[PDB]
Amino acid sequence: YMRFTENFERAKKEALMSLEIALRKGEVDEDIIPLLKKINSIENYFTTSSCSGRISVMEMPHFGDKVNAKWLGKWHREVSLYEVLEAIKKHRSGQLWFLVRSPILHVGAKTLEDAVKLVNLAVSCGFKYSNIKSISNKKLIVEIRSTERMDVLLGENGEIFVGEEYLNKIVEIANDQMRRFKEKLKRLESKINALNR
């Protein structure tokens, strides 16, 4: 027996209300709202801030409003070439990166047993980077994440090293990854029901 188990009841209550506020404010990635509700509908789990896949364009270390990272564009869906080019034109200082980030789910678990089952289920659904992120006397957080990450260096200090055709290939590749996130995210949602009891 352990403290996070003792505190699970209180933790889920807090986490749920926190989620209701987020839903009421339309600040929860739409693609995962059902999935999140299904997970919370299971007795031994609850969700904390999560998010769906996303493509982005950002410069770092930015040189402006005293902020290390500045995002020139953010998309939670497949992107079109000209949208990305428009973001890129805004580049001024630091290194310019085109990123692809996998969807990420944080799930509180009632016991170690619950945590391990969620992890194996997540892995078998294609999310190979799922694991147990942290254990305190308050909660046990499980992290569900996939592997199709991308970190493309496209320029530095205002100078764009690539042209339109090259960037075109990159975009295609990023979309291929996004579509894969969605499918792995569909498999996970269909198998999540069995996890109940």
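Residue numbers run from 1 along the displayed sequence.
Peer 1: Do the C-alpha atoms of 169-177 or of 17-25 have the higher average B factor in the entry?
Peer 2: Mean B over CA atoms: larger for 17-25.
Peer 1: According to the deposited model, is the average Cα temperature factor higher in 96-104 or in 120-128?
Peer 2: The stretch with the larger mean CA B-factor is 120-128.
Peer 1: Tell me which of 69, 35, 55, 153 tops the list for C-alpha B factor in the record.
Peer 2: Each of 69, 35, 55, 153 was compared by C-alpha B-factor; the highest is 69.
Peer 1: Using the temperature factors of the C-alpha atoms in this entry, rank residue 138 within its chain: lowest, middle or highest third.
Peer 2: It belongs to the highest third of the chain when residues are ordered by C-alpha B-factor.
Peer 1: Split the chain's modelled residues into thirds by Cα B-factor; is residue 41 in the lowest, middle or highest one?
Peer 2: Answer is middle: the recorded C-alpha B-factor places it there.
Peer 1: Using only modelled residues of the chain, where does the Cα B factor of residue 145 rank: lowest third, middle third or highest third?
Peer 2: Bottom third by C-alpha B-factor.
Peer 1: Could you say whether, by C-alpha temperature factor, residue 48 belongs to the lowest, middle or highest third of its chain?
Peer 2: Middle third, going by the recorded CA B-factors of the chain.
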